[PDB]
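Visitor: Residue numbers (the working numbering), protein chains in the order written: chain P, 1 to 17; chain Y, 1 to 335.
Where a beta carbon is used, it is the ideal one built from N, C-alpha and C, also for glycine.
Take this structure, written in structure tokens, and hold onto it; I'll ask about it next.
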Amino acid sequence: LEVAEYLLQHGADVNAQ
Amino acid sequence: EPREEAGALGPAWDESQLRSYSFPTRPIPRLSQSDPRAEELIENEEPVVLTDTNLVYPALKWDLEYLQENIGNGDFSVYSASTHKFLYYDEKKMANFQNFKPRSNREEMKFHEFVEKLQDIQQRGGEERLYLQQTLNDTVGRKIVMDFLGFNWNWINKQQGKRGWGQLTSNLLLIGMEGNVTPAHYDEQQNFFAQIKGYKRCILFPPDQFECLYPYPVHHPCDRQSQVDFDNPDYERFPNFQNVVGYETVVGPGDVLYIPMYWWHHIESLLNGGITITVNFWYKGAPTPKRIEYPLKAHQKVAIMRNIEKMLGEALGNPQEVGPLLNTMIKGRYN
Ligand SMILES: C[C@@H](CC(=O)O)C(=O)C(=O)O
Ligand SMILES: [Zn+2]
């Protein structure tokens, strides 16, 4: 179940440098 | 759809102030924060306009004069463009796409200079466009601090807690000229979009329309932005853009739009509506759930696709080799 958890991780990128 | 303003002051805006596009839309609900339907929409991560949060009540008195006198002497990022489109681009990624030349440029500038640049353009009838986009920080003056402290933190903190969101990361101050447009894109954070001055038309698309909006490659400076020119869609490159359907609303002073994480949004300052002012509230999304349930949601597949592109860019040692390998994987095998 780790491959799934790994690929489901998200960042926090937004339209702000 | 335009709401009548109290005191018989007439309709705040008119349909003639809206740009024309090729796709249909249906309205986003406008509800009171006390309405359980509004709570249900936020919990299910669907957009809603909240009309009575008082989230930025102290900021509703903000105009260029008040801000210039009180917002301090810090630097403000101001974008300049000759087109109404202010396409966002990540400057840290331009190295890997050095044939990309943005149509807008960023200039660091004091607030009084931004007002002066605004005034000079207004005077000379020029067609240059400015869009101030600056995260609020501790350089702001005391009166702005007092206003900031006066936001309805009681309400939004309870939202943060009820949804399990992460930290508040930023409050982006947005001051744009009439007719300004931020092209369609999705953000990797939850957003409460608090309108202060002027009116903004917001067109949202759910995450399951990924196939119709064609984001740039992850390693491109315009990562998360749509490749489609909403003004002249190229249906041969982007055929499924003929299937998009938006959720639309016009927010005004006092309104707060919940833009759920991963939802595409196209936002424009109404034509002939004067300057617009907005402050957003960006929160990190909740973690991946303890138990994964199948089949996955659209936004989970988006997270997967992003991570595939990130991994390949790293493993191949060059982001521009990502496309060729992906095509090799699929041609005559999965297509
Ligand atoms: C910057 C903003 C767009 C706009 O208001 O022009 C946005 O996309 C956001 O708050 O997430
Ligand atoms: Zn956004």
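1. Indicate whether at least one CB of chain Y lies closer than 8 Å to the CB of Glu2/P.
2. Which residues mark the beginning and the end of the beta strand (DSSP E) in which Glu321/Y is found?
3. Which runs of the beta strand (DSSP E), 3 residues or longer, sit entirely within the segment 195 to 262 of chain Y?
4. Please say whether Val140/Y and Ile196/Y have beta carbons closer to each other than 8 Å?
5. Going along the chain, which residues of the segment 159 to 177 of chain Y sit with their C-beta nearer than 9 Å to a C-beta in chain P?
6. Quick check: the Cα distance between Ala81/Y and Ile277/Y, rounded to an integer number of angstroms?
7. By how many angstroms is the C-alpha of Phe205/Y removed from the C-alpha of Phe23/Y?
8. Where does the unbroken beta strand (DSSP E) through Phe76/Y begin, and where does it stop?
9. Against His266/Y, what residues of chain P qualify as contacts under a CB-to-CB distance less than 9 Å, listed in chain order?
10. Per DSSP, what are the beta-bridge partners of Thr276/Y in this structure?
11. Is the beta carbon of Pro27/Y sitting closer than 8 Å to the one on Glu45/Y?
12. Does chain P have any CB closer than 8 Å to the CB of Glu69/Y?
13. On the DSSP letters alone, give me the boundaries of the alpha helix (DSSP H) that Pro36/Y sits inside.
14. Taking only heavy atoms of ligand 2 into account, decide whether any of them is closer than 7 Å to the Cβ of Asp187/Y.
15. State the start and end residues of the unbroken beta strand (DSSP E) segment that holds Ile267/Y.
16. Got a sec: is the Cβ-Cβ distance from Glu248/Y to anything in chain P below 8 Å?
17. Sort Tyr247/Y, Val322/Y, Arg37/Y by Cα distance to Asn96/Y and report the nearest one.
18. Thinking C-beta only, is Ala194/Y closer than 8 Å to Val256/Y?
19. Which same chain residues, not among the five before or five after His84/Y, have their C-beta less than 7 Å away from its C-beta?
20. In chain P, what lies closer than 9 Å to residue 347/Y by C-beta?
21. Of all the options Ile156/Y, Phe210/Y, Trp263/Y, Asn232/Y, which has the alpha carbon lying nearest to the alpha carbon of residue 339/Y?
22. Might you give, ordered along the chain, the residues of its own chain that have their beta carbon closer than 6 Å to the beta carbon of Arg106/Y, omitting 5 neighbours on each side?
23. How many Å lie between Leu87/Y and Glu188/Y at the Cα?
24. Expressed to the nearest angstrom, what Euclidean distance is found between the alpha-carbon atoms of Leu60/Y and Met94/Y?
25. Rounded to whole angstroms, what's the CA-CA distance from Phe192/Y to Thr53/Y? Just pull it up for me.
26. Going by beta carbon distance, what residues of the same chain come within less than 6 Å of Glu211/Y, once the five residues before and after it are set aside?
Guide: On the basis of the supplied data:
1. no
2. Taken as a continuous stretch (DSSP letters only), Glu321/Y belongs to no beta strand (DSSP E), as it is neither H nor E.
3. 200 to 205, 246 to 251, 256 to 259
4. no
5. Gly166, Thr169, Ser170, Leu172
6. 18 Å
7. 11 Å
8. 76 to 81
9. In chain order: nothing, as chain P lies at least about 12 Å away.
10. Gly176/Y
11. no
12. no
13. 36 to 43
14. yes
15. 264 to 269
16. no
17. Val322/Y
18. yes
19. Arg129, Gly179, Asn180, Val181
20. Shown here, chain Y extends from 1 to 335; a query on residue 347/Y therefore has no answer.
21. Lying before the first or after the last residue shown, residue 339/Y is absent from chain Y, which here runs from 1 to 335.
22. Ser77, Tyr79
23. 17 Å
24. 37 Å
25. 11 Å
26. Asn240
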